[PDB]
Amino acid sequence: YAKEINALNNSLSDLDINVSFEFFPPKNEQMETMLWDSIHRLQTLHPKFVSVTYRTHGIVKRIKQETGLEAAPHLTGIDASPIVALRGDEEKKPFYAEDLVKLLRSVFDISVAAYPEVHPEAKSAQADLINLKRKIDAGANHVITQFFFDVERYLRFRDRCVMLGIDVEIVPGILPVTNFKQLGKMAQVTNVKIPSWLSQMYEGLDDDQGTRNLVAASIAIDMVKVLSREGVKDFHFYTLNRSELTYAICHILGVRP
């Protein structure tokens, strides 16, 4: 094991990496104060793009103008009719994200969502993979995964994508665990299995964010180190409008100002 970790470390200095940050429209102004403080410091990393959770039309323009980074908004299909194209979390009369990419393309660089542990509403794992292919075959050119913690399940899913012919990279979505109680709620609606070892690390830390920040680094740094070794040069961080972790992770990948 000592040889494995040392091997992981010396192969990371042999790095050309693209990053992309994700923020969410704040609830209060204290959250909007914490966001722009994080938005100002993150701009120094020169990311490939940023994203806006889904109202949020006044963020893709503001970020594009108050700053100089390329912004892209999320867009669902809830309550509308005939560029992160999502179906959304629904109600009557649904259409699938593919229909949105087909529609939006008529008007762009489309980003779709991928689920290595299968979307909860998918009829099967085979159907959920075919749906991602036709989403790209509809006009998308950037694939972003839902957050995960079994890196193996990601690598097998990534291997099945090239097997189907998907020629675009399956960008892993990195979620640093800065609030475990929040993750549990997020995981309830995302059907992503939380490993047993991750929960054991965070019991008794519901009030010490500083230690949570330190423990979250080790988990996210380990994942990114393993992902980088296998050829992954694209990353998309779910910052949760915080910047301490996403900044430190990117620094390990050589992403520095």
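Note that residue numbering follows the sequence shown and begins at 1.
- Per the record, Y54 and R55 are separated by a gap of 4 to 9 residues from the deposited sequence that were not modelled.
- According to the entry, the deposited sequence places 1 to 3 unmodelled residues between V107 and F108.
- The question of which stretch, 199-207 or 222-230, has the higher mean Cα B factor is settled in favour of 199-207.
- According to the PDB record, 68-76 carries the higher mean C-alpha B-factor of the two stretches 68-76 and 160-168.
- Per the deposited coordinates, the residue with the largest Cα temperature factor out of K93, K133, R153, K123 is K93.
- Among all modelled residues in its chain, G184 ranks in the middle third by Cα B-factor.
- The PDB entry assigns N241 a C-alpha temperature factor belonging to the highest third of its chain's modelled residues.
- In the deposited entry, the Cα temperature factor of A138 sits in the middle third of values across the chain's modelled residues.
- In the deposited entry, the Cα temperature factor of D99 places it in the highest third of its chain's modelled residues.
- Ranked by C-alpha B-factor against the other modelled residues of its chain, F24 falls in the highest third.
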